[PDB]
Amino acid sequence: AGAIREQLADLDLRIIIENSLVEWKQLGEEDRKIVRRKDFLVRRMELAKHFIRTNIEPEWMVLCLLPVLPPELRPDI
Amino acid sequence: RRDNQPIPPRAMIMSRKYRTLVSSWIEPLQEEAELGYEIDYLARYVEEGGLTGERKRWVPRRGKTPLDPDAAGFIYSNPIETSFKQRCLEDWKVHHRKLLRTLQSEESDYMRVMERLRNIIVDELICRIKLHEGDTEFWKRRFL
Amino acid sequence: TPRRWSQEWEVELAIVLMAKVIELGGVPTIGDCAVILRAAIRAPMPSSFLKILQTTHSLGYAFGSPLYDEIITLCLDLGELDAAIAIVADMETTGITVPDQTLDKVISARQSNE
Amino acid sequence: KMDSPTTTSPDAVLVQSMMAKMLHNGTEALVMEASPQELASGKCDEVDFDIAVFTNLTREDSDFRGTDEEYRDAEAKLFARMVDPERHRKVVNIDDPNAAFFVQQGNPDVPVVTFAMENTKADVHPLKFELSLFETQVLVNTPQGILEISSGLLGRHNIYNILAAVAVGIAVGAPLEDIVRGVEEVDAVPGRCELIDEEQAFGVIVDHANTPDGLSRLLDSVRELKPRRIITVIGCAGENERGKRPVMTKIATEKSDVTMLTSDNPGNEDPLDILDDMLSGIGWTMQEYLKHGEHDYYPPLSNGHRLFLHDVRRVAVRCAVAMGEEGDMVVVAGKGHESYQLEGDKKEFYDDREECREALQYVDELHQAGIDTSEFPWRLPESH
């Protein structure tokens, strides 16, 4: 999982948007895969945009520390 | 000009290859010109603050802060660089896509203008097809 | 119907744009002037050669001697000697040293056409 | 060896302090460097010099806080003390235009022995020499006869150093056979074009050149040895000397077939920021170089040379040795004999000589393992 965190931390979110947009337009110029790939690209560029305008870092999807529930809420877990 | 408003420095920002908006759409893109002599890169280093630690380093770093100073002010970075040649070609294609779209919504000549439009993406017959984009009065008549 | 791109159209827009930027307080770079100049050299319109160097030198920029050799030899290739004789005329007014080989070939060209 | 403090200019107290220690231990003769800075500062003012040797004078030391005349007169202080004709001797290199000024210094009656590489009027001068990547062979004409010397020192600038040692031996009337044995005994002065020999087909030299003019002189001395390619490993110190960073890259890329930029002493500065400053001297940026890495291809420069980059000095030094071929020369400049790599504030132990020595041992097993290390990036057998 550490390798994944390095990929997430090193992502250029602005590059993702431009690459997804140009690939999306190329498929438009050209049947169950093209439509599915188009939906993948729109989701990816939507995801990148939200990270840019918020304070959420995508590398936080990989946990380095594990918060622990307070004891009174765990008198299974 | 009519408002007596000078061009601000942010508009006249300089790229790495030392080009401004005067010549950045001629399309050897992101490349310098001959100048008839070799560029003095040491002069650029000193004039960019390289002797005092105030130089702008083009080293990619982790974080959601763009490296390009021309991305300042935009919500999601500046537009991708498109030359004036690409823009004219894209504009040329888009118009004929609309012509192909309206032709399909309404005989040998019809097939020959069909192929010619697809080939672009006889031309005299294409020239009679009229677009009505923005003409509310025309669309009101067709709505009635 | 949109207008189709031509390198001639691109140059005349750049000359208009450079004039507006200078008259509105902007300083195009020495590289910008060469890029507009380089586009013309690929384009051939030798008429625009006089004005591009005029605004280049009005900004205090001097191209290298080989660059001035390129435009003069380019004019001879197309036969536009009127631009070449005017280009050497404005170089002399600016006082920039002009290589001997360029002077020799323009003089030979002037003698040939007479 | 004494555990000498890591000060580039020993103080007057230190020079006297250690000098008596040699006397207490039985030392009879001594040789000291007389730098212009030490002579100007008066540190060596109380040293009773017997023989004064003058090698050359070129305006290289930017650290000297003085004019060229002050730089010249500072070195003349040593020659000014040449007073006693019976005890003192003078050795001068007459190829330098200045040499006349030094000969006039001090007592003119003191004997003077002249040596020159090109001026045949010198007392000691070579008759013929051969230069190679591994050794130099020189036939030197001396007032007492001719000598044959085969030395491990490299470059024609080291012929002068041999001639000066011969002339000093001539001046003290030393046995010719002692002249040849003593010169041929010295093989590698540490950090001064020090050849790292491990029985391989390419030369590896480690030098202390860390300035634009030092690197230019070093690479011109390597080129005259006629190698097939020159591979230079160079870096810049951090937080200081910010003006030489683009300059040293332009020099290295115009004189070396392959250039490998790296980290010399980052200190508290980020190593990739210094490398960006170096890259600016040829019109590149770190971002552009890293983009070429993604496409697994680094294009050559306008002159056809190659530039590579790595911020870890240990990686960059050993990868440059692995690029060596038959009849090449790998130049590891910058540190020389220094044994520390300053990162942040801690002076981590790091010897350039050890890295080159250890890389030469294990370069064989890397090549038989199918790895193609001709350039960057390496081609593993399991990569396409």
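Lettering follows sequence order; numbering is per chain, from 1.
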Decide if atom CD of B:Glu38 counts as having more than 12 heavy atoms of other residues, nucleotides or ligands within a radius under 6.0 Å. no
One option among B:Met12, B:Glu27, B:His96, B:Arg87 has the most heavy-atom pairs under 4.5 Å with chain C, and it is B:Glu27
Check the surroundings of atom OH in B:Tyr110: do more than 12 heavy atoms from other residues, nucleotides or ligands lie under 6.0 Å from it? yes
Heavy-atom distance under 4.5 Å between the side chains of B:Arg1 and C:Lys20, does that happen here? no
Do side-chain atoms of B:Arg19 reach the backbone of C:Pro28 as a donor and acceptor pair under 3.5 angstrom? no
What are the two closest non-hydrogen atoms of C:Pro66 and B:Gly36, and how far apart are they? CD-O, 3.3 Å
Side chain, backbone, both or neither: which part of C:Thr1 has a non-hydrogen atom closer than 4.5 Å to chain B? both
With side-chain contact (heavy atoms from CB on, under 4.5 Å) as the test, would you mind laying out the steps for C:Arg38 and B:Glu34 before giving the verdict? CA-CA 8 Å; C:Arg38 165 57 56 221; B:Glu34 218 275 291; 4.2 Å; yes
Give a yes or no on this: more than 12 heavy atoms of other residues, nucleotides or ligands lie within 6.0 Å of atom NZ of B:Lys93. no
Given the rule in the side-chain contact (heavy atoms from CB on, under 4.5 Å) test, do C:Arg4 and B:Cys88 qualify, once you have shown the distances and angles that lead to the verdict? CA-CA 6 Å; C:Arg4 277 266 61 249; B:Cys88 295; 3.8 Å; yes
Between B:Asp91 (side chain only) and C:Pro2 (backbone N and O only), is there a donor and an acceptor less than 3.5 Å apart? no
Relative to chain B, which segment of C:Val21 carries a heavy atom at a distance below 4.5 Å: side chain, backbone, both, or neither? side chain
What closest approach, in Å, do C:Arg42 and B:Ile26 show between heavy atoms, and which atom pair accounts for it? NH2-CG2, 3.9 Å
Bottom line for C:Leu13: the part with an atom under 4.5 Å from chain B's heavy atoms is both
Over 12 non-hydrogen atoms of neighbours within 6.0 angstrom of CZ in C:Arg3: yes
Drop me the distance from C:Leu37's CG to B:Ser23's OG, to the nearest 0.5 angstrom. 11.0 Å
For B:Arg97, I'd like to know if atom CZ has over 12 heavy atoms of other residues, nucleotides or ligands within 6.0 Å. yes
Which answer fits C:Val27, side chain, backbone, both or neither, if we ask what part of it has an atom under 4.5 Å from a heavy atom of chain B? backbone
C:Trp5 CH2 to B:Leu89 CG distance, which is reported to the nearest 0.5 Å: 10.5 Å
Step through the shown structure and confirm whether more than 12 heavy atoms of other residues, nucleotides or ligands are within 6.0 Å of CZ on B:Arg116. no
Side chain, backbone, both or neither: which part of B:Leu21 has a heavy atom under 4.5 Å from chain C? both
Quick one: what part of B:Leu99 sits under 4.5 Å from any heavy atom of chain C, side chain, backbone, both or neither? neither
Intermediate values then yes/no, side-chain contact (heavy atoms from CB on, under 4.5 Å), B:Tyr37 and C:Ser65: CA-CA 8 Å; B:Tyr37 59 85; C:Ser65 295; over 6 Å; no
Please state whether the side chain, the backbone, both or neither of C:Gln7 comes within less than 4.5 Å of a heavy atom of chain B. side chain
Using 4.0 Å as the upper bound for N to carboxylate O, is an ion pair formed by B:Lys85 and C:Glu10? no
Is it the case that more than 12 heavy atoms not belonging to B:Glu107 sit under 6.0 Å from its CD atom? no
Mind checking the CE-OG1 spacing from B:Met14 to C:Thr29? Nearest 0.5 Å is all I need. 7.0 Å
Which distance, rounded to the nearest 0.5 Å, do you find between the CZ of B:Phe84 and the CG of C:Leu17? 11.0 Å
